[PDB]
file input-v1.txt (compact mmCIF, C-alpha atoms and all ligand atoms)
# COMPACT_ATOMS: atom_id res chain seq x y z
CA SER S 1 102.71 84.97 133.34
CA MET S 2 99.18 84.87 134.71
CA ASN S 3 97.14 88.03 135.07
CA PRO S 4 97.31 89.78 138.45
CA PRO S 5 94.12 90.49 140.36
CA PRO S 6 92.56 93.79 139.30
CA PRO S 7 93.40 96.96 141.28
CA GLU S 8 91.66 97.54 144.58
CA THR S 9 88.43 99.52 144.16
CA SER S 10 86.71 99.66 147.55
CA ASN S 11 88.25 100.15 150.99
CA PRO S 12 85.81 100.66 153.90
CA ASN S 13 88.76 101.65 156.10
CA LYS S 14 89.39 104.81 154.07
CA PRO S 15 87.51 108.01 154.90
CA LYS S 16 84.95 109.15 152.35
CA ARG S 17 83.60 112.46 151.12
CA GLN S 18 81.27 113.48 148.30
CA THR S 19 82.54 116.58 146.50
CA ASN S 20 81.64 118.49 143.37
CA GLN S 21 85.03 117.65 141.84
CA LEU S 22 84.68 113.89 142.42
CA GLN S 23 81.11 114.01 141.12
CA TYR S 24 82.34 115.75 137.95
CA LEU S 25 85.01 113.09 137.43
CA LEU S 26 82.32 110.37 137.46
CA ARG S 27 79.34 112.10 135.85
CA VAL S 28 81.33 114.03 133.21
CA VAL S 29 84.90 112.79 132.81
CA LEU S 30 84.46 109.01 133.17
CA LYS S 31 81.14 109.19 131.31
CA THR S 32 82.52 111.06 128.28
CA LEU S 33 85.66 108.92 128.04
CA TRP S 34 83.67 105.69 128.37
CA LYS S 35 81.59 106.53 125.30
CA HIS S 36 84.55 107.56 123.12
CA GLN S 37 84.94 105.52 119.93
CA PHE S 38 88.30 104.12 121.13
CA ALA S 39 87.35 103.52 124.76
CA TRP S 40 86.76 99.75 124.59
CA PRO S 41 90.38 98.49 125.07
CA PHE S 42 90.68 100.72 128.16
CA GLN S 43 87.37 99.75 129.80
CA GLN S 44 88.80 96.78 131.77
CA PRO S 45 92.22 95.58 132.94
CA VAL S 46 94.60 94.39 130.23
CA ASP S 47 94.01 90.63 129.87
CA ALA S 48 97.58 89.76 128.93
CA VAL S 49 96.84 86.02 128.92
CA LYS S 50 94.02 86.34 126.39
CA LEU S 51 96.01 88.89 124.35
CA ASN S 52 99.14 86.69 124.52
CA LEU S 53 101.34 89.42 125.98
CA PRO S 54 103.37 87.39 128.50
CA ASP S 55 105.66 90.35 129.35
CA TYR S 56 102.90 92.91 129.95
CA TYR S 57 102.96 92.63 133.74
CA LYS S 58 106.75 92.25 133.75
CA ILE S 59 106.90 95.79 132.32
CA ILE S 60 103.73 97.40 133.74
CA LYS S 61 103.72 97.28 137.54
CA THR S 62 100.97 99.90 138.09
CA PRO S 63 98.18 98.74 135.76
CA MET S 64 95.10 100.91 135.52
CA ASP S 65 91.92 101.00 133.44
CA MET S 66 88.67 102.95 133.26
CA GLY S 67 86.57 100.12 134.70
CA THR S 68 88.69 100.31 137.83
CA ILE S 69 88.42 104.11 137.91
CA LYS S 70 84.62 103.94 137.58
CA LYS S 71 84.48 101.55 140.54
CA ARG S 72 86.85 103.70 142.61
CA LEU S 73 84.66 106.76 142.03
CA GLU S 74 81.50 104.80 142.87
CA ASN S 75 83.01 103.49 146.09
CA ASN S 76 84.42 106.85 147.26
CA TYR S 77 87.95 105.44 147.06
CA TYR S 78 89.49 108.84 146.28
CA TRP S 79 89.58 111.69 148.78
CA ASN S 80 90.97 114.10 146.16
CA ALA S 81 90.36 114.65 142.47
CA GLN S 82 94.12 114.53 141.88
CA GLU S 83 94.21 110.88 142.95
CA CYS S 84 91.70 110.09 140.21
CA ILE S 85 93.50 112.24 137.64
CA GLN S 86 96.68 110.29 138.46
CA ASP S 87 94.93 107.00 137.74
CA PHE S 88 93.86 108.26 134.31
CA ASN S 89 97.37 109.48 133.62
CA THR S 90 98.83 106.14 134.71
CA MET S 91 96.50 104.33 132.30
CA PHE S 92 97.73 106.44 129.37
CA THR S 93 101.40 106.32 130.37
CA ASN S 94 101.30 102.51 130.71
CA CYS S 95 100.15 102.32 127.10
CA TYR S 96 102.97 104.65 126.00
CA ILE S 97 105.58 102.63 127.91
CA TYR S 98 104.59 99.18 126.75
CA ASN S 99 103.97 99.89 123.06
CA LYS S 100 105.96 101.48 120.30
CA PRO S 101 105.01 105.06 119.41
CA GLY S 102 102.54 105.17 116.54
CA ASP S 103 101.10 101.72 117.31
CA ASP S 104 97.34 101.60 116.82
CA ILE S 105 96.68 101.22 120.56
CA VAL S 106 98.93 104.23 121.23
CA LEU S 107 97.07 106.44 118.75
CA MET S 108 93.82 105.40 120.41
CA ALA S 109 95.15 106.21 123.88
CA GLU S 110 96.41 109.55 122.55
CA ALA S 111 92.92 110.42 121.29
CA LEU S 112 91.38 109.48 124.65
CA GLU S 113 94.04 111.50 126.44
CA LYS S 114 93.25 114.57 124.33
CA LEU S 115 89.59 114.39 125.38
CA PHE S 116 90.60 113.74 128.99
CA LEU S 117 92.78 116.87 129.12
CA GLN S 118 89.96 118.98 127.68
CA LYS S 119 87.59 117.74 130.39
CA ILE S 120 90.15 118.27 133.14
CA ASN S 121 90.57 121.88 131.99
CA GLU S 122 86.85 122.31 132.75
CA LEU S 123 87.20 120.77 136.23
CA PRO S 124 85.04 122.97 138.49
CA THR S 125 86.66 124.64 141.46
CA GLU S 126 86.07 123.15 144.90
CA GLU S 127 82.71 124.22 146.34
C1 LIG F 1 98.87 96.02 124.11
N1 LIG F 1 98.23 97.01 124.99
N2 LIG F 1 98.86 97.94 125.65
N3 LIG F 1 98.05 98.61 126.29
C2 LIG F 1 96.83 98.12 126.10
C3 LIG F 1 95.64 98.50 126.58
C4 LIG F 1 94.51 97.78 126.20
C5 LIG F 1 94.59 96.70 125.34
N4 LIG F 1 93.42 96.09 125.02
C6 LIG F 1 93.25 95.25 123.98
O1 LIG F 1 94.13 94.90 123.20
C7 LIG F 1 91.98 94.84 123.85
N5 LIG F 1 91.05 95.12 124.75
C8 LIG F 1 89.90 94.59 124.31
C9 LIG F 1 90.13 94.01 123.14
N6 LIG F 1 91.42 94.16 122.83
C10 LIG F 1 91.98 93.59 121.57
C11 LIG F 1 92.60 94.59 120.81
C12 LIG F 1 93.77 94.30 120.12
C13 LIG F 1 94.41 95.28 119.36
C14 LIG F 1 93.87 96.56 119.30
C15 LIG F 1 92.70 96.85 120.00
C16 LIG F 1 92.06 95.87 120.75
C17 LIG F 1 95.86 96.37 124.87
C18 LIG F 1 96.93 97.09 125.27
call {"tool": "encode", "arguments": {"input": "input-v1.txt", "output": "structure tokens"}}
result
Amino acid sequence: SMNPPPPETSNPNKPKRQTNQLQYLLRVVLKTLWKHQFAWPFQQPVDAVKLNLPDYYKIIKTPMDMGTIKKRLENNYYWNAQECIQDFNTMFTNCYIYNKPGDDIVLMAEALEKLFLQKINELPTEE
């Protein structure tokens, strides 16, 4: 059970736009989550080989992490803020699916998710 390649982060064949909502997701949301005390395990794809989790990618077919989301924002991969919000939600849900409730990694994800939801509530309206 080798690791898969990381998610795609740059596609020159997709149309691009710079918007106040996408800028907020990078400059505020990704920034504030990245610096959270529990952010480290979520800053790069799950290395299931190094962590000796041979079933991780048998269970999780839509992996996602904040390093990927940072790159997607930087490369104008998303047309809409909702596409980026979905990637964050996928990251949290993957953790909740793979692990037992109350596991340390789940409590950490839950704390990151709480901060995420607060920042998404303050998502500015489209300019
Ligand atoms: C199993 N699991 N389920 N979702 C997960 C999402 C991310 C990680 N990351 C890590 O374990 C990790 N990243 C960098 C270092 N570590 C070691 C470590 C082991 C245990 C707890 C914290 C950190 C595991 C996940």
call {"tool": "residues_near_ligand", "arguments": {"input": "input-v1.txt", "ligand": "ligand LIG 1 (chain F)", "cutoff": "8 Å", "atoms": "only C-alpha atoms and all ligand atoms", "output": "tab-separated table (two decimals) with C-alpha atoms, keeping the file's coordinate frame"}}
result
chain	number	residue	atom	x	y	z
S	40	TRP	CA	86.76	99.75	124.59
S	41	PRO	CA	90.38	98.49	125.07
S	42	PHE	CA	90.68	100.72	128.16
S	43	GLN	CA	87.37	99.75	129.80
S	44	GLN	CA	88.80	96.78	131.77
S	45	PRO	CA	92.22	95.58	132.94
S	46	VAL	CA	94.60	94.39	130.23
S	47	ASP	CA	94.01	90.63	129.87
S	48	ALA	CA	97.58	89.76	128.93
S	51	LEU	CA	96.01	88.89	124.35
S	53	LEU	CA	101.34	89.42	125.98
S	56	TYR	CA	102.90	92.91	129.95
S	94	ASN	CA	101.30	102.51	130.71
S	95	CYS	CA	100.15	102.32	127.10
S	96	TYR	CA	102.97	104.65	126.00
S	98	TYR	CA	104.59	99.18	126.75
S	99	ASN	CA	103.97	99.89	123.06
S	104	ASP	CA	97.34	101.60	116.82
S	105	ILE	CA	96.68	101.22	120.56
S	106	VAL	CA	98.93	104.23	121.23
call {"tool": "closest_residue", "arguments": {"input": "input-v1.txt", "among": "S:25, S:12, S:77, S:92", "to": "residue 121 of chain S", "atoms": "all atoms listed in the file"}}
result
S:25
call {"tool": "residues_around", "arguments": {"input": "input-v1.txt", "residues": "residue 54 of chain S", "least_positions_apart": "4", "cutoff": "8 Å", "atoms": "all atoms listed in the file", "output": "ChimeraX atom specification"}}
result
/S:1-2,48-49,58
call {"tool": "closest_residue", "arguments": {"input": "input-v1.txt", "among": "S:78, S:36, S:107, S:21", "to": "residue 9 of chain S", "atoms": "all atoms listed in the file"}}
result
S:78
call {"tool": "closest_residue", "arguments": {"input": "input-v1.txt", "among": "S:52, S:20, S:80, S:125", "to": "residue 3 of chain S", "atoms": "all atoms listed in the file"}}
result
S:52
call {"tool": "atom_distance", "arguments": {"input": "input-v1.txt", "atom1": "atom CA of residue 89 of chain S", "atom2": "atom CA of residue 13 of chain S"}}
result
25.3 Å
